[PDB]
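Engineer: Following this: a sequence and the matching experimental structure.
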Amino acid sequence: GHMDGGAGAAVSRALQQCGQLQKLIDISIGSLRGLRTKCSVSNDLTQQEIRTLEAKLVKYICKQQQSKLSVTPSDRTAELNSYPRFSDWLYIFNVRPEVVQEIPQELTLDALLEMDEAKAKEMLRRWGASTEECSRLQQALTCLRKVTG
């Protein structure tokens with residue numbers, strides 16, 4: 001409710017970065033994409049760069065619920081309403097993609113951000129998140145609803 005209401009010339013700041021640029025999300029995530037599989041790196045400072053890239057990526061994927069203050073959440077686009085993509089979201093903190101593959105296709109982050117934290121904990125725990133694993137996740141999933149907006 002602060003300049004949002006019409007995603008016209010304001011949508012560009014959420015939409016160019018939705019796909020057109022694809023450097024911010026992909027290139028930053030490529031670094032962790034490598035790290036998720038290849039953890040033998042001789043470059044310590046890059047482990048820290050990657051650490052930044054991960055946290056930074058949340059600002060790119062969840063910007064559409066944060067920067068929705070300029071781009072109406074009721075407008076954005078179907079694509080912008082599909083963000084943050086669970087696949088491109090859980091990969092940032094590792095929310096066990098092993099577990100997310102057990103989730104029914106109708107239920108996605110779309111519905112996860114929609115559910116209660118207590119409820120989500122029990123959902124995740126029913127998909128393979130093994131109790132403490134879920135708690136580790138919950139603390140990171142909460143970042144979504146704490147990304148401002």
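Structural biologist: Arrived safely. Numbers count the residues shown, from 1 in each chain.
Engineer: which ones are touching the nearest residue to residue 11 once chain neighbours are set aside?
Structural biologist: By the measure of C-beta to C-beta, 6 or more residues apart in numbering, the closest residue to residue 11 outside its immediate chain neighbours is residue 71, 4.9 Å from it. C-beta: built from backbone N, CA, C; applies to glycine. Taking C-beta atoms under 8 Å, 6 or more residues apart in numbering as the contact definition, residue 71 lies against 4, 7, 10, 11, 13, 14, 15, 64, 80.
Engineer: which element follows the strand or helix carrying residue 32 toward the C-terminus?
Structural biologist: Element membership of residue 32 [criterion: DSSP states H and E] is helix 26-37. Read in the C-terminal direction, the helix or strand following helix 26-37 is helix 44-61, with elements assigned using DSSP H and E.
Engineer: Tell me the buried residues in that next one?
Structural biologist: 50, 53, 54, 56, 57, 58, 59, 60, 61 (16 or more other C-beta atoms under 10 Å).
Engineer: any idea which of the contacts of residue 71 has the most stuff around it?
Structural biologist: For the contacts of residue 71, the largest neighbour count, defined by other C-beta atoms under 10 Å, is 25 neighbours, found at residue 64.
Engineer: Am I right that that residue is in contact with residue 76?
Structural biologist: Yes - counting by C-beta atoms under 8 Å, residue 64 does reach residue 76; the two are 6.0 Å apart.
Engineer: Need the overlap of contacts for the two.
Structural biologist: Counting by C-beta under 8 Å, 6+ apart, the residues touching both residue 64 and residue 76 are residue 14.
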